[PDB]
Amino acid sequence: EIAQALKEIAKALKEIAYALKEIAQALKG
Amino acid sequence: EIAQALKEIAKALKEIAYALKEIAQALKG
Amino acid sequence: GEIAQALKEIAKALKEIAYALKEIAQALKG
Amino acid sequence: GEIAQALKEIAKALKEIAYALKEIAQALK
Amino acid sequence: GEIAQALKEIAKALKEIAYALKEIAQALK
Amino acid sequence: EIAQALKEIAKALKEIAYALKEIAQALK
């Protein structure tokens, strides 16, 4: 399903966003 | 369900927005 | 439509993530 | 090394997603 | 055809992301 | 290895930019 693929992408982008936030903060902290 | 996928997407995009704001602040400071 | 709009908003979010990743990486630039 | 490589892999994966979503958009047109 | 291939490309991209987030996790630990 | 990662990232963002242009046009 397309609906399901878009939901899985959304979730994966959220996990990337938060991981990048962890890197950003570790380098600056 | 499409309804459920769109609700989960909505939530993921809001969480992404927040994470990118936190990154922006870490890289400026 | 609902599908079209969801895909467009995801596309845009992915572009903003791409940019943030690029700017983080710039830490290692020489 | 390890961060650089992870971010390059993510960059490439997001490009692959971007292209797939272009293909979906056009297929539904 | 077109949709099948797009979903296969997304599947593969999400696997690459999954692994890259594990690499980030390990690099920050 | 770092130099090459940054080059590949740069290129991925150009490819992304193009894909989003094609999405925008397809949704017309």
# chains A, B, ... in the order shown; residues from 1 in each chain; ligands from 1
call {"tool": "calpha_fit_and_write", "arguments": {"fixed": "chain A", "moving": "chain B", "output": "PDB file with C-alpha atoms, in the first residue's frame"}}
result
ATOM      1  CA  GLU B   1       0.679  -0.244  -0.567  1.00  0.00           C
ATOM      2  CA  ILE B   2       1.532   3.472  -1.116  1.00  0.00           C
ATOM      3  CA  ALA B   3      -0.317   4.416   2.085  1.00  0.00           C
ATOM      4  CA  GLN B   4       1.882   2.012   4.091  1.00  0.00           C
ATOM      5  CA  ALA B   5       5.153   3.216   2.418  1.00  0.00           C
ATOM      6  CA  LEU B   6       4.276   6.897   3.229  1.00  0.00           C
ATOM      7  CA  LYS B   7       3.471   5.992   6.901  1.00  0.00           C
ATOM      8  CA  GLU B   8       6.859   4.174   7.224  1.00  0.00           C
ATOM      9  CA  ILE B   9       8.659   7.134   5.563  1.00  0.00           C
ATOM     10  CA  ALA B  10       6.949   9.575   7.957  1.00  0.00           C
ATOM     11  CA  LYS B  11       8.179   7.541  10.913  1.00  0.00           C
ATOM     12  CA  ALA B  12      11.774   7.178   9.506  1.00  0.00           C
ATOM     13  CA  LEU B  13      12.035  10.954   8.932  1.00  0.00           C
ATOM     14  CA  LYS B  14      10.957  11.655  12.544  1.00  0.00           C
ATOM     15  CA  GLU B  15      13.577   9.155  13.823  1.00  0.00           C
ATOM     16  CA  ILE B  16      16.243  10.795  11.609  1.00  0.00           C
ATOM     17  CA  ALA B  17      15.319  14.248  12.975  1.00  0.00           C
ATOM     18  CA  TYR B  18      15.855  12.980  16.542  1.00  0.00           C
ATOM     19  CA  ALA B  19      19.165  11.272  15.767  1.00  0.00           C
ATOM     20  CA  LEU B  20      20.550  14.405  14.054  1.00  0.00           C
ATOM     21  CA  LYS B  21      19.577  16.481  17.114  1.00  0.00           C
ATOM     22  CA  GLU B  22      21.517  14.036  19.346  1.00  0.00           C
ATOM     23  CA  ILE B  23      24.571  14.277  17.010  1.00  0.00           C
ATOM     24  CA  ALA B  24      24.381  18.079  17.026  1.00  0.00           C
ATOM     25  CA  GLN B  25      24.419  18.113  20.818  1.00  0.00           C
ATOM     26  CA  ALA B  26      27.357  15.625  21.046  1.00  0.00           C
ATOM     27  CA  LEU B  27      29.522  17.675  18.608  1.00  0.00           C
ATOM     28  CA  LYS B  28      28.817  21.018  20.364  1.00  0.00           C
ATOM     29  CA  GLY B  29      29.604  19.620  23.884  1.00  0.00           C
TER      30      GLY B  29
END
call {"tool": "calpha_fit_and_write", "arguments": {"fixed": "chain D", "moving": "chain E", "output": "compact mmCIF listing (two decimals) with C-alpha atoms, in the first residue's frame"}}
result
# COMPACT_ATOMS: atom_id res chain seq x y z
CA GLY E 1 34.98 7.99 10.41
CA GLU E 2 31.77 6.30 11.66
CA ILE E 3 29.53 9.44 11.74
CA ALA E 4 30.77 10.76 8.38
CA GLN E 5 29.91 7.41 6.73
CA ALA E 6 26.42 7.20 8.38
CA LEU E 7 25.56 10.75 7.12
CA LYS E 8 26.78 9.84 3.56
CA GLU E 9 24.52 6.69 3.62
CA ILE E 10 21.54 8.81 4.83
CA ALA E 11 22.20 11.43 2.11
CA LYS E 12 22.09 8.72 -0.54
CA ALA E 13 18.93 7.06 0.94
CA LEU E 14 17.08 10.41 0.96
CA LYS E 15 17.99 10.93 -2.75
CA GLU E 16 16.58 7.43 -3.55
CA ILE E 17 13.41 8.32 -1.58
CA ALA E 18 13.05 11.69 -3.38
CA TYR E 19 13.08 9.94 -6.76
CA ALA E 20 10.74 7.12 -5.64
CA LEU E 21 8.16 9.70 -4.49
CA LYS E 22 8.33 11.27 -7.99
CA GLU E 23 7.66 7.77 -9.46
CA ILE E 24 4.59 7.37 -7.18
CA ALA E 25 3.32 10.84 -8.12
CA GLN E 26 3.57 9.98 -11.82
CA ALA E 27 1.96 6.48 -11.38
CA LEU E 28 -1.07 8.03 -9.57
CA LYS E 29 -1.55 11.05 -11.95
call {"tool": "atom_distance", "arguments": {"atom1": "atom CA of residue C:10", "atom2": "atom CA of residue F:9"}}
result
19.5 Å
call {"tool": "interface_residues", "arguments": {"of": "chain C", "to": "chain D", "cutoff": "7 Å", "atoms": "only C-alpha atoms", "output": "PyMOL selection string"}}
result
chain C and resi 11+14+18+21+25
call {"tool": "write_last_selection", "arguments": {"atoms": "N, CA and C atoms", "output": "mmCIF file, in the first residue's frame"}}
result
data_model
loop_
_atom_site.group_PDB
_atom_site.id
_atom_site.type_symbol
_atom_site.label_atom_id
_atom_site.label_comp_id
_atom_site.auth_asym_id
_atom_site.auth_seq_id
_atom_site.Cartn_x
_atom_site.Cartn_y
_atom_site.Cartn_z
ATOM 1 N N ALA C 11 7.911 14.994 1.111
ATOM 2 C CA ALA C 11 8.980 15.449 0.202
ATOM 3 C C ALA C 11 9.687 16.675 0.806
ATOM 4 N N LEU C 14 11.729 15.921 3.961
ATOM 5 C CA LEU C 14 12.988 15.202 3.580
ATOM 6 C C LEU C 14 14.016 16.221 3.094
ATOM 7 N N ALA C 18 17.639 16.809 4.766
ATOM 8 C CA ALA C 18 18.835 16.723 3.900
ATOM 9 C C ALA C 18 19.752 17.903 4.253
ATOM 10 N N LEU C 21 21.444 17.737 7.696
ATOM 11 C CA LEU C 21 22.522 16.710 7.674
ATOM 12 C C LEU C 21 23.794 17.295 7.044
ATOM 13 N N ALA C 25 27.478 17.842 8.906
ATOM 14 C CA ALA C 25 28.667 17.245 8.316
ATOM 15 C C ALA C 25 29.741 18.319 8.185
#
call {"tool": "atom_distance", "arguments": {"atom1": "atom CA of residue F:24", "atom2": "atom CA of residue C:13"}}
result
14.0 Å
call {"tool": "atom_distance", "arguments": {"atom1": "atom CA of residue C:19", "atom2": "atom CA of residue C:6"}}
result
20.4 Å
